[PDB]
Every structure is written in C-alpha cells, then in structure tokens.
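FYI the Cβ positions are ideal-geometry reconstructions off the backbone, even for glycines, and counts take in every protein chain you see. Laboratory data are not the source of any read-out in this text; all were calculated from the coordinates shown.
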Amino acid sequence: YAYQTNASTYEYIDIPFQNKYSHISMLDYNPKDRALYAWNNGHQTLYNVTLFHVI
Amino acid sequence: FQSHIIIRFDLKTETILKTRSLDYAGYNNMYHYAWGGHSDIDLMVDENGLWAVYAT
Amino acid sequence: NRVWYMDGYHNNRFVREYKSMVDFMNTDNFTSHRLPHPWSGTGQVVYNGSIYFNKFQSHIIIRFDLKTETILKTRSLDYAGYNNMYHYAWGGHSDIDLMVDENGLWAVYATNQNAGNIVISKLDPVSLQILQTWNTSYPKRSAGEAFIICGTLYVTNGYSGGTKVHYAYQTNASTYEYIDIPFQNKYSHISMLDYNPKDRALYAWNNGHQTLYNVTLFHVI
Amino acid sequence: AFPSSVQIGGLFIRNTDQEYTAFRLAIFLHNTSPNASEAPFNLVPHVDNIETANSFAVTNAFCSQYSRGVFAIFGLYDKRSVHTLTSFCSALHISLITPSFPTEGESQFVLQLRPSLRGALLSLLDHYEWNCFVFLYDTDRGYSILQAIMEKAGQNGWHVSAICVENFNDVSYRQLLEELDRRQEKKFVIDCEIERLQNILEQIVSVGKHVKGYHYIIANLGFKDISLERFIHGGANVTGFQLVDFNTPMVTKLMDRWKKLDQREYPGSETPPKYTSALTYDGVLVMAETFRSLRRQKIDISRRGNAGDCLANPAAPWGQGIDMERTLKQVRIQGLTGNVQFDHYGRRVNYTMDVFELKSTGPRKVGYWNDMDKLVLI
Amino acid sequence: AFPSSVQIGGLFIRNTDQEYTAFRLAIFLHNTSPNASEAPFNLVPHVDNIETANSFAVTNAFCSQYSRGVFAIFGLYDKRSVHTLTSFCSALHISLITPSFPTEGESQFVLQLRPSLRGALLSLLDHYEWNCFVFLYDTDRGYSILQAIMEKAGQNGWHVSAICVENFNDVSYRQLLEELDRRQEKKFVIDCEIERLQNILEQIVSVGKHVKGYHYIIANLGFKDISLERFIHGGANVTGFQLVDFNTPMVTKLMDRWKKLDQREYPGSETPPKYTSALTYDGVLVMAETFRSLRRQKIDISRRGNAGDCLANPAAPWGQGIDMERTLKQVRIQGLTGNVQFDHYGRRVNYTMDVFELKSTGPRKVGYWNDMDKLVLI
Ligand SMILES: *[C@@H]1O[C@H](CO)[C@@H](O[C@@H]2O[C@H](CO)[C@@H](O)[C@H](O)[C@H]2NC(C)=O)[C@H](O)[C@H]1NC(C)=O
Ligand SMILES: *[C@@H]1O[C@H](CO)[C@@H](O[C@@H]2O[C@H](CO)[C@@H](O)[C@H](O)[C@H]2NC(C)=O)[C@H](O)[C@H]1NC(C)=O
Ligand SMILES: *[C@@H]1O[C@H](CO)[C@@H](O[C@@H]2O[C@H](CO)[C@@H](O)[C@H](O)[C@H]2NC(C)=O)[C@H](O)[C@H]1NC(C)=O
Ligand SMILES: *[C@@H]1O[C@H](CO)[C@@H](O[C@@H]2O[C@H](CO)[C@@H](O)[C@H](O)[C@H]2NC(C)=O)[C@H](O)[C@H]1NC(C)=O
Ligand SMILES: *[C@@H]1O[C@H](CO)[C@@H](O)[C@H](O)[C@H]1NC(C)=O
Ligand SMILES: *[C@@H]1O[C@H](CO)[C@@H](O)[C@H](O)[C@H]1NC(C)=O
Ligand SMILES: *[C@@H]1O[C@H](CO)[C@@H](O)[C@H](O)[C@H]1NC(C)=O
Ligand SMILES: *[C@@H]1O[C@H](CO)[C@@H](O)[C@H](O)[C@H]1NC(C)=O
Ligand SMILES: *[C@@H]1O[C@H](CO)[C@@H](O)[C@H](O)[C@H]1NC(C)=O
Ligand SMILES: [Ca+2]
Ligand SMILES: [Ca+2]
C-alpha cells in the first residue's frame, strides 16, 4: 500500500523485498542514510531504497 | 506502557520534558500490526519531520 | 514565440516567419526570407538569433542571421558524409542533423572511419568548431531519425509504420542501450523529429503535417 | 601491405534481431582478440537493416554498400529478393555470404551456409518405409524439397498428398486436419516457416492429433528450438533434425559467453541461439579465415577507383573478386554447425546432422546423417 | 434513535483480492449514495486479512473484531476453520454472512450465500441417463456432493468410480486419465477447486481426451470463468452451470462501473467478477437491507455493554442478536445472483441457475435449474 499525504491519494503497489530470516518486527526509514533499518528474527538488517522522480 | 502516551526522553541529560497523549489511538494490542506485540503506535521520522502511524 | 517553416529538401531557399503560434495554426500569413544557398534535407536548427543549416551537396555548416540577414560563419564538418551517402532510413539528403539541448548545439552525422555508424559532435554556437566527438554503434542509414534530450541521443528504428525509440547513447558515460519506447506514427511517413528544451517537446513532420509530442522524463535518485 | 581495416557489408531483413546480435558478437570477439595472429586486421561492417526486402530497397542498400568500398557482403534474402541480390553480386564480382535458404544455380560469387534438407529427408523417409503420407509445405524457401519428394514418389510409387498452406488460417488448418483424418492419413511431413510450423503444431494439438498413432516429420534444421511438451505428453511420434551440437566445446564456450551477455546491449540474448544465428557466426568466422588466408597469399585487396555507381554503362567488376571467391570456396573450418567446407558451387559439404526423436523423457538422438555416409543409426 | 454508523466485521482468506475489492466497491456505493433512503446510516467495516493459521488465527481475528463492537461479521472459512467460526458466531449471537461453501450442521446465526450444487448435478446426471461414470472430487468443500452421488448410485444402481485428487500431481493425473481411458471410461464429473480444475483440464488436453466422444460435467457455479478454448476445437462434450446472468440490467450496471475502475486503486478489477465476488456484493446488499429493516422496526441496535473478551467465564450472548438473525433470515432481495432469499436454516432458497453446454461457437445456454421447478430446457 502507498499513501500520498500531499495529494491525499492511495495506490496499491507490489514492490517486493525479502524476509531473509522469516520474521520482521521493526522496519523504519532513516532519511540521512536513505536506508531501511529492520529487525529480522533477532538480527539487525538494512535495506536500500530506490527512489525515482518523474518530470 | 499500557497507555496511548507519547514520551520524549533525553539521551544526553537523562530527564523528562514532554508526556503527551495521542488523541483517539488504540493501545494494549488494540490496533497492532499483523505480528502483534503491542505495536499499536509506530513513531518515525522523515525529511519533513516526526510522524506517528496509529489507528482510530 | 515565432515559428520557422521550411518546405522541400533539394533546392528550396525560402524560410517562413509565422510570428506566433496562433499566427501559424490558423493564419496563413507569413514573411518569406531568402537564403544565400539552399539547404539539404530536413536537418536544420534555429538557435538563439541564427539558423544553422547545410549548404547544398557539401558537408558545410552555415550560420545565418534571421534579423540582419548575413553570413558570419561557414565551416565544414570534419569527415562527414554528404549527398545521400549517410542519410536516414527515409533518405532525402538528411546526412547531417542539427539539434539543440540544455547543454548547447549538437550535430549527428556519420563517418567513413566509423563504418556508417552515428557520430555525435558538440559544436561551438559562435565559431562552429568541433568541441568533442562521440562514437555510437548504430548505423545511420537504418535509423530514420534521432534526437537529443540532454546529453543522451535517442535513435528511432523506422519512418513509416511501427516506429519506436530503439537506441540510446549516453555521451556523459559513453554507454549504449537498446530500449523499446513506442510512439504512434499517425500519418504514416515521418521526415523530421527534433527536440525543443524550452517547451520540452518533440516537433515532428508527418507527411506534410506539423505534429507535436509531449515527452515524459524520469530521474532515479 | 595488407590493409589494417577491411570493410565488409551487411544486409539484414525483418525479424533478424538475434542474427544481427550474433553478427555483432562475432565482430566484437574478432576485433578485441588477445591473439595478435587471430586478428591481424579489423572488420568494418557497413550495416543496412531494411524492413521490406522488395528488390528495390535491397538494390539501394547494395549500391550504398558498394559505393563504400566493401569487399564481401553478408546478406539475407527471401523469395522476392534472392535473384536481384545474387545477380548484383555476381555481375560486380562482390562475394555474398548468406545464411538463408540454399538455391540452385547460385554459383558465381554466392556462398550459402545453410545445408540442404533434401538428402536427409529422403534418407529418413525410405528408412521409415513411408509410401502414403501428407506433405504440408510452403514456397517461402524454394521448390527443391517438393520437387525431390514428387520425384521420389514417381520413382518409388508413393502416395504423397502435397498441400500448400501459405494462405491457410487456423480454422482452415483445423478443417484440413479433420479432412485428412477422415481419409486415415496419419503420417505427415511439415516443411514450413518457424511461425507457420508453430501454428500448425498448435492447431494439431487443439484439434487433438498429438496422440499415439500419428507420426510427424519436422523438416527443420533446429529441433530443440520448437516447444513439443504437449506432444511429449500425448505420445505421438515426432522426428526432426538438429544442425548445432550443444555438447561441443566450441558451442558450450559460445553458450557461456552468451549467458553472460546483457539483454539491453545485445538484444535477443534472452534465448539460446537458433541455427540461423549459428550460421551467421560461422559465416563471420569464415570471412575472417578467408581474409587471413588472403593475407597469407600476399594479395593486397583494395577497391580504390572501382567504387562508384552500381548501374554504370560499362559493367566494371572488381579485379580481385575472383581471388576472393576462390579463397572463400577453399576454406575448411570447424565451428558451431560442425565442419564448414564448400564445393565449387558455394554449397556446404561433409556436413553432419543429428536426427532426434521425441520420447517420454523428451528429445532423444537416434542417429546422424552425413553427406557421404547417408543415415547411420546408433 | 438508530446510530448513524453501524460497525460490521470482515474476515478474509488467502487469495481473496477480488472479493475484498467487491466488498470495498459495495461499501463505497452504499456510503456515498445520492438517495437518502438507500443510505440512512454508514457502514464501518473492520477488516482482517489473516492468511489463516487455522483456528488460532480465526479466533484471534474474531476476538479482535468482537472487542470493537461489530454487529455482524462478513467472513470466509475453509475446511479447517468453518467449525470454530460458526460456533463462535452462534455462541455469542453474532451473525455470520458467508459466501463460502454451504454446510448443513450449522443452523444458528449463519447465513450462507452460495447455493447448493447437489440438486442441479443430480438432475443433470438423471436427464443425461448416466449410469457408469467417474467422479473426480476433493474434500476442500465438504462431503455433501460425494454423499449425495453415492446415495443416488445406491438407490439407482449406478456405477460411480469415485477418486479423490487432492494429493494428485500432473504426472499422476496423466496416469489416472490413461488408466481410465484403458477401462473405456468416457463420462466424467469433476468437483474440485478452481486451480485444481484448471490443472485437470490442462492434463486432459495434454493427454488428448478433449476430442469428440468424451463428456465432462463441471460441478462449478461459474462456467464462463473457465478457460475452455481447446475443448471447443476438439469437440468434447462439456456441460456446466452459471449462477450470475451477464445479460441482467443489475449485472451490466455493475459491469459499467467495473470496467471504469482503476487497477492500482481497486486491485483485481482487471478481470470480470467471479461468482464469489457477486456473492460478496449480494451479501453486502443483504446486510444493508437488513440494517434498513431493523431501522424500520424501531430497534435501537447497540453493543455498548457486550464489548469485551470472548472467552469469559460466564457466556454473555448479545441480547439483540436474535433480532438481527430473524431480520436477516426474512430478507428477499434482487441482486447479481438473482433472487436472494433464505430459509430458517440460513441456506439459499428460491434460486435459479443456467445450465450451459459447450458448442463449436462457445458456451450455449441449454437450460435452467430452479429449486422448485427442477431442470427446465429451452
Ligand atoms: C544568445 O545571444 C545573445 C545575444 O544575441 C548572447 O548575449 C551575449 O552575451 C555575451 C556574454 O554573455 C556578451 O558579450 C554579448 O555582448 C551578448 N550579445 C549581445 C548582442 O549583446 C548570448 O550569450 C547567447 N547565448 C549563448 C548561450 O551563447
Ligand atoms: C571513432 O571510431 C573510429 C573507427 O573505429 C576511430 O578511428 C580509429 O581511431 C583509433 C584510435 O583510437 C586509430 O588507431 C585508428 O587507426 C582509427 N581508425 C581509422 C580508420 O582511422 C575514431 O578514433 C573514434 N573516435 C573516437 C572519438 O573515439
Ligand atoms: C570430409 O570433410 C572432413 C572435414 O572434417 C574431412 O576430414 C578431414 O580431412 C583432412 C584431410 O583432408 C584431415 O587432415 C582431417 O583430420 C579430417 N578431419 C577429421 C578426420 O576429423 C574429409 O577429408 C572430407 N572428405 C573428403 C572426401 O573431402
Ligand atoms: C420465489 O421468488 C419469486 C420472485 O422471483 C417470488 O415471486 C414473488 O412473490 C411475491 C409474493 O410473495 C410477489 O409480490 C412478487 O411480485 C413475485 N415476483 C415475481 C412473480 O416476479 C416467489 O413468491 C418466491 N417463492 C417463494 C416460495 O418464496
Ligand atoms: C503539450 O505541450 C504543448 C507545448 O506548448 C502545450 O500545449 C502543453 O504544455 C501540453 N499540452 C497538453 C499536456 O495537453
Ligand atoms: C593464438 O594464435 C596462435 C597462432 O595463430 C595459435 O597457435 C594459438 O592456439 C592461439 N591461441 C589462442 C588462445 O587463441
Ligand atoms: C512410432 O515409432 C515407433 C518406434 O519408435 C514405431 O514402432 C511405431 O510404429 C511408430 N508409430 C507410427 C504411427 O508411425
Ligand atoms: C432513492 O431511492 C429510494 C429507494 O428506491 C426512493 O425511495 C427515493 O425516493 C429515491 N430518492 C430520489 C431522490 O430519487
Ligand atoms: C454430446 O452432447 C450432445 C448434446 O447434448 C448429445 O446429443 C450427445 O449424445 C453427447 N455425446 C456424448 C458421447 O455424450
Ligand atoms: Ca515502522
Ligand atoms: Ca532530428
């Protein structure tokens, strides 16, 4: 799911990622590093985002 | 714990400043995630500032 | 916002000066300016206060003023084909194509040393001197048309029927990539397709009709 | 004083993306060779990718390449453009290395890479003891197979029901299959184009003749490039031919290089190469070999002055074209399709093909056909 | 003093994107309605997509929705979750509107929208005079069809070869089909899930039993949603049932909005609605109708004091739940599946289905089956 608060719209996407250790409890986005900090079944993992801008 | 109260705590001076109440929010496994575990309120930040995701 | 109009590809030397888009879409009144030499093909450009064109059956680029009506620079493109040897797929003496982008003035031609492949060059807008050249791997005789958005050359595959953007060359990284971006050829035969950065739009000539495309660009962060 | 860069021409037609990819890959591998003896020169391809080969764009492309000073032209043709290209190449002493369908009377500076499917089909027909069958054919590759089949039927008293399916649609295919099933005709030989063959197989499966009791002989040079999974499940007899051996060190090396290629820079690399791309690669290797051999004989090939108008009043041919033709016809190399060797007519000789039969596990090699040994079974 | 917002519950199953889309579309159409009589309140759905972990997850979702103060729950179930959900709904006096497979044992606070398929199947098997056939079934929807078939075979002397294909793979499917064809069995009745039925049909086409002479009866409520293309060309006899009539003004009125929906905002709208989605839409309409009827009865619905834990030591049923169930069993509406009306057991009564047959042009309406009129042909 995706919600744009600026336009107050919603869109069903299907971007996939990988639950390597089969359980996710925390998943947050950190601006400065542009990365997703995640807690995977008692382990600390990071994901990298891919943001695109259309003109 | 067991309340819809957002608390700001200093990690440098080790004191309390603000303890506010999230208006119309569930607590104690009322509106948790799919995995549960008392995740009714999720606090995050982004390039615009501080945001809270909950349910009403 | 004055548009510039040219008909023919062999011996015409008259350009039109419709002063406005409303004076071009409906009004059939125009000012006819003569050229010292006729052009070849549909590859010319109007940049700043002048027009860059090709001089008859030669590999010569001429800068002509559209206000003072004189010649300041007339140079020769180095190792560039002329007189229907490295044309597009539609022919018509389109051996040299001139375009502009946010970085400046570019010329797409072909070289005998580089087989018959498309070669890009950056030209000085004043002195018409070669600044830097880039080698691509797409033959010009099978291209049909090409256009530059900003430092990237997009090359079509055909001129009538199923037309699509087939080739892309990034001169900043000097890398090539085959893409599939269809665009609709409504009126069969196409002759000219150029890019305008101010309107960010593709101006095209489709079987005697003047057509506009609005492009979509994306940037990855 | 051999030139450091020899110029060759290339003429490609519609639906030739993978063959052009193989041509470009072979050009890459020849030019950037670490060996200093494999590439004593460079290959400069002047490429024309036309859409409609209608003997007029073909003539324009040939004249444009001839004006550029090319030595040999790697060209593809169809039934509407073979004669013009062959006549233009023979008149001006310009060699034409073609991977398209072989024709008869195509000597004088034409070298065909595709082996003939005439002897193998007859050697499979008489071994299977077929005397009453159907022949679904098209005329997009000539009339040699049909003429040979009719001659064999006349000389052996066979009953061949020859049907042309050039203008047959899907429901017409279904009606034809039902009509042939009414007359208890369960033995078929299909000699059509790849898309037409796939449509015929799809119609056969849809109407329900892919079961035991039906036999199909596929007249094609590639048997592993056609999907026959439902034919495997049904159990019908399917027999075909293969030209490129996938268990060959050269072919496996090509496959290793091919699976490491980018699809965005080398289109058509998402699938294993067909026999046409293999013939293109062998043709580029043959051109490199004959250019190296011309360098060995100290022949300075140079088309200076001869380049000009193709349709001149005095027909002026290339003075060194006959040497190029002789050196091209005297090659004998080993490559993707096995042994590449040509006779004095420009046709491939001692070529070996593998006959495959469809079984429950899948395709299964049952023997090989050789030009001098006929059919040999295992 | 009826509340302006009425809370309903929604429990959804794995692979339920399209039915949830239909539920959301019906909620949209009810909430934002120009008529003030069609929407005197606002439906508030509490939705849980659980990806069921059986009765544990079902009980957790039911307790979570029950604590929120829902009046009725629109939930789905499977063979591993029907009993616990029905018992929880009946014990706590919470109505359960389910478009899932019909059952018999549950008789309190359960409203099933899917009509039974035993009567139409028996009428078709006795009008076709079938006496020896093969019944391929699965136990993902109960044992009612198998029990009815065995009872009819015992009372009529039929020869039914009953095979459970729950743990069958494609290879085993092909072996079973070949074995059944060896025993000269050409009459089949298939009662399986949609994916299992599609796999069975694909295997049938693979072995080649889609030719004329083979008869298949599909025990499914949707016949036009099955990809039957090769069976048309082969000529096999296919007979099926359809619940929703696409030539109905209400159905085409919905289809006008369905083709105008956005895929990225309403996922699953890229395909025509199945019978499950139509039953979901009819169930939402039934909930709206019974809430309006409760409004007309001057019954102040509320769950202020009953909101709490499900597993309390004293059972605390909802006082007004019996009023909701009585009003729910008395509805008679017109919707996508036709006449929606229920008996005192909460089962479908007075419903009409269309029996279709596969011809050379496509599915042809042959007859219609009604609950009291049995099978009537045209
Ligand atoms: C487009 O043309 C204008 C004038 O026609 C150029 O302006 C000149 O700018 C240079 C330095 O910026 C001055 O020395 C000249 O005197 C200007 N010209 C005139 C007539 O005053 C402008 O630079 C041109 N644009 C580009 C990108 O070169
Ligand atoms: C564009 O390609 C041509 C041909 O491949 C290049 O010309 C060759 O340049 C190399 C130097 O890198 C010389 O060693 C060769 O002798 C040149 N070939 C001929 C036939 O003259 C040309 O340099 C390339 N241009 C650029 C900018 O890379
Ligand atoms: C048939 O073609 C084959 C090509 O493989 C020829 O076999 C080679 O013949 C040469 C002699 O001319 C030997 O040096 C090679 O070792 C042979 N290759 C092998 C055995 O793999 C064969 O000579 C040709 N036959 C005729 C009659 O021309
Ligand atoms: C079965 O459904 C039909 C409607 O399809 C019912 O016919 C309706 O009966 C009521 C009386 O109860 C009339 O007011 C309607 O006008 C009838 N509708 C028609 C004829 O289209 C029929 O009564 C139902 N039968 C049962 C036993 O419930
Ligand atoms: C397309 O571009 C032209 C250029 O002026 C202009 O009409 C407008 O920006 C666009 N028109 C559209 C998006 O309809
Ligand atoms: C390099 O060339 C020499 C002579 O042409 C040959 O003997 C050798 O096998 C070649 N090696 C490779 C790796 O191609
Ligand atoms: C199919 O091939 C087998 C041998 O593999 C042969 O025995 C059989 O007769 C063939 N069937 C037909 C119909 O030709
Ligand atoms: C809306 O529909 C209801 C039910 O048919 C009807 O009673 C009411 O009059 C309608 N309102 C309008 C404004 O048409
Ligand atoms: C097939 O269906 C048609 C139409 O119902 C019927 O007449 C025919 O007897 C059937 N054939 C078989 C073999 O069931
Ligand atoms: Ca989070
Ligand atoms: Ca252009």
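Of the helices (runs of 4 or more DSSP H) that lie entirely inside segment D:71-169, those containing 1 or more residues that are aliphatic (A, V, I, L, M) and within 30 Å of D:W318 (Cα to Cα) span D:82-91.
Confirm whether C:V100 is within 16 Å of ligand 2 (Cβ to nearest atom) and within 21 Å of C:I51 (Cα to Cα). In short, no. For the structure I just gave you, tell me whether C:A201 is over 18 Å from the mean Cα position of the chain (by Cα) and more than 11 Å from every other protein chain (Cβ to nearest Cβ). So C:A201 does not fit the description; no. If you check A:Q44 against the conditions, is it closer than 30 Å to E:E265 by Cβ, more than 12 Å from every other protein chain (Cβ to nearest Cβ) and more than 16 Å from ligand 3 (Cβ to nearest atom)? In short, no.
Taking segment E:345-362 as the range and being within 16 Å of ligand 4 (Cβ to nearest atom), out of contact with any helix residue (DSSP H, G or I) (no Cβ under 8 Å at 6 or more places or on another chain) and closer than 15 Å to E:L117 by Cβ as the test, the residues that pass are E:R347, E:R348, E:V349, E:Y351, E:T352, E:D354. Within segment D:64-99, can you find the residues that are surrounded by fewer than 20 Cβ atoms within 10 Å (Cβ to Cβ) and farther than 23 Å from D:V6 by Cα? Matches in segment D:64-99: D:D78, D:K79, D:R80, D:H83, D:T84, D:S87. Scan segment D:13-22 for residues that are away from chain C (no Cβ under 12 Å) and surrounded by 15 or more Cβ atoms within 10 Å (Cβ to Cβ) and the total you get is 3. Within segment C:172-206, the residues that satisfy the criterion of being β-branched (V, I, T) and free of Cβ contacts under 8 Å to residues at least 60 places away in the same chain are C:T175, C:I179, C:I181. Among the residues of this structure, D:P267 counts as one that is closer than 25 Å to D:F101 by Cα and within 14 Å of another protein chain (Cβ to nearest Cβ).
Every test in (1) touching a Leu at 6+ places or on another chain (Cβ under 7 Å); (2) of a type in the set (F, W, Y); (3) within 26 Å of D:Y173 (Cβ to Cβ) is passed by E:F188 save one, and that test is (3). Selection within segment A:13-48: residues that are outside any strand (DSSP E or B) and closer than 22 Å to B:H32 by Cβ. The member of this set that is farthest from ligand 8 (Cβ to nearest atom) is A:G42. Annotation: of all residues in segment E:332-346 being assigned to a loop (DSSP other than H, G, I, E, B) and either in contact with a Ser or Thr (Cβ under 6 Å, 6 or more places away or on another chain) or more than 16 Å from E:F246 (Cβ to Cβ) (or both), the one that is farthest from ligand 11 (Cβ to nearest atom) is E:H344.
Can you find even one residue in segment D:42-56 that is part of a helix (DSSP H, G or I), more than 9 Å from every other protein chain (Cβ to nearest Cβ), surrounded by fewer than 18 Cβ atoms within 10 Å (Cβ to Cβ) and in contact (Cβ under 8 Å) with a residue 12 or more places away in the chain? No.
Going by the structure shown, is E:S293 among the small types (G, A, S) and away from chain D (no Cβ under 14 Å)? Answer is yes for this residue. Only one of the numbered conditions (1) charged (D, E, K, R); (2) without any contact (Cβ under 8 Å) to a residue 12 or more places away in the chain; (3) within 30 Å of D:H215 (Cβ to Cβ) is not met by D:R296, and that is (3). Applying the condition of being among the aliphatic types (A, V, I, L, M) and more than 11 Å from the chain's Cα centre (by Cα) to segment C:84-121 and asking which residue is nearest to C:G144 (Cα to Cα) yields C:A89.
Screening A:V49 with (1) within 14 Å of chain C (Cβ to nearest Cβ); (2) free of Cβ contacts under 8 Å to residues at least 12 places away in the same chain gives one miss only, at (2).
Would you check if there is a residue in segment D:27-40 being within 12 Å of chain C (Cβ to nearest Cβ), among the aliphatic types (A, V, I, L, M), more than 16 Å from ligand 7 (Cβ to nearest atom) and closer than 24 Å to D:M324 by Cα? Yes, because at least one residue in segment D:27-40 is within 12 Å of chain C (Cβ to nearest Cβ), among the aliphatic types (A, V, I, L, M), more than 16 Å from ligand 7 (Cβ to nearest atom) and closer than 24 Å to D:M324 by Cα. Once segment B:22-56 is narrowed to residues that are of a type in the set (V, I, T) and under 22 Å from E:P45 (Cβ atoms), the residue that is surrounded by the most Cβ atoms within 10 Å (Cβ to Cβ) is B:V53. The residues listed here are E:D323, E:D373; of these, the one that is out of contact with any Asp or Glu (no Cβ under 9 Å at 6 or more places or on another chain), loosely packed, with under 12 Cβ neighbours inside 10 Å and among the acidic types (D, E) is E:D373. Comparison of E:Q198, E:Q203, E:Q175, E:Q155 shows that the only residue that is away from ligand 7 (no atom under 16 Å from the Cβ) and over 25 Å from D:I232 (Cβ atoms) is E:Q155.
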